[PDB]
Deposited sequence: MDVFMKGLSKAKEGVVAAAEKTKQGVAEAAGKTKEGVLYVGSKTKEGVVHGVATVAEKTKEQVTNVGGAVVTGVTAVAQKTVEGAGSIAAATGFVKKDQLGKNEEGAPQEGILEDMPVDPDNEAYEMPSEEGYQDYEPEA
């Protein structure tokens, strides 16, 4: 029994990034496996991958994740 819920209610900066680079290799949420059974990936928020990665005010409300795996019984 997997349940989830969320509720958001609303009754209503000179950021500078300078990047100079060469030969960038970036892996973000790599999951490397061999001879498994189950692989689960739940993303309820920001995943910002780059060579330049800027996030501003991104994840600002009511997140919920519910996971259940296996249960051989």
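Residues 1 to 13, 26 to 35, 97 to 140 of the deposited sequence have no C-alpha coordinates in the structure.
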